[PDB]
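Here are the chains, one letter per residue:
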Amino acid sequence: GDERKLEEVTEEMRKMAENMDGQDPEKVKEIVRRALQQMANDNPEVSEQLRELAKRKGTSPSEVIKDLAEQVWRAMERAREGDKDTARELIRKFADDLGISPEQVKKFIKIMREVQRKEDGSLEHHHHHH
């Protein structure tokens, strides 16, 4: 069906978790919160799903993000422990909650690394190109 395609997004959860290793686990949730939220600031189709979850829960579309960010972080720490299958099952809930494609989550992780460095205003060692 789509398990094989979900494996491709789960590779980024392995890559990102070793990229952020040695930080505080609660901070990862706060970095993911704004990183997953940026997709709704960039696209109305994500933001209208934030409204559906918040209206089902009786809250604001900003408040469901705290719960959405846990799901991704639990996929990263599982992927760091070598558990790619529970990481896949943990992304299934996150991509389904926002109604998004695994390649769109593969885009979200690329915002996560761009906002991680912004806590210090640093830049990545992108010296493999140009």
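The rules we used
- Residues numbered from 1 in each chain as written, not as in the entry; some residues may be left out.
- Heavy atoms only, no water.
- Axes fitted to C-alpha atoms, helices over the stretch in contact; angles between N-to-C directions.
- Helix = DSSP H or I, 4+ residues; strand = E, 2+ residues; numbered from the N terminus.
- Parallel < 35°, antiparallel > 145°, perpendicular 65-115°, else oblique.
- Left-handed = near helix turned anticlockwise from the far one by under 90°.
- Contact = heavy atoms within 4.5 Å.
- Nonpolar A, V, L, I, M, F, W, Y, C, P; charged D, E, K, R; others polar.
- Core = buried A, V, L, I, M, F, W, Y, C linked by side-chain atoms within 4.5 Å.
- Buried < 20%, exposed > 50% of the residue type's maximum accessible area, 1.4 Å probe, protein only.
- Polar contact = N/O pair within 3.5 Å; in protein donor to acceptor, adjacent residues only side chain to side chain.

Structure determination for this entry, per the PDB record, employed solution NMR.

A. Broad picture of the packing of helix α4 (residues 65–80) against helix α5 (residues 84–97). At a minimum axis separation of 8 Å, α4 and α5 run at an interaxial angle of 160°. Overall, the two elements α4 and α5 adopt an arrangement that is roughly antiparallel. The crossing of α4 and α5 is left-handed. Of the residues in α5, those touching α4 at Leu68, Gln71, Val72, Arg74, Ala75, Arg78 and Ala79 are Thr86, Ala87, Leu90, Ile91, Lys93, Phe94 and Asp97. Partitioning the contact of α4 with α5 into residue classes produces 8 nonpolar, 2 polar and 4 charged.

B. Region of interest: the nonpolar core. Grouped together as the largest cluster of nonpolar side chains are 37 residues, with contacts concentrated most on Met13, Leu36, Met76, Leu98, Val105, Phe108 and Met112. Counting residues per element, the ones that place at least two in this core are α1 (3–19), α2 (25–42), α3 (44–57), α4, α5 and α6 (102–116). Among the elements that take part in this core, α4 stands out by supplying 8 residues, more than any other. Filtering out sequence-adjacent residues up to four positions away, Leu98 remains in contact with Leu36, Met39, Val46, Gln49, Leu50, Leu53 and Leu68.

C. Expanded view of the side chain of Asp97. Relative to the helices and strands, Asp97 is located in helix α5. Of the polar contacts made by the side chain of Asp97, one reaches the side chain of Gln71; its length is 2.8 Å. The residues contacting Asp97, other than those within four sequence positions of it, are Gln49, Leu53, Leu68 and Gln71.

D. Fine view of the packing of α2 against α6. Put simply, α2 and α6 touch, their axes get as near as 9 Å, and they point 130° apart. On the basis of their axis angle, the class for α2 and α6 is oblique. Seen along the crossing, α2 lies across α6 with a hand that is right-handed. Contacts between α2 and α6 involve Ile31, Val32, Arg34, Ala35, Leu36, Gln38 and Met39 on the former and, on the latter, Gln104, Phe108, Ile111, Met112, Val115 and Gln116. Here the contact of α2 with α6 is composed, by residue class, of 9 nonpolar, 3 polar and 1 charged.

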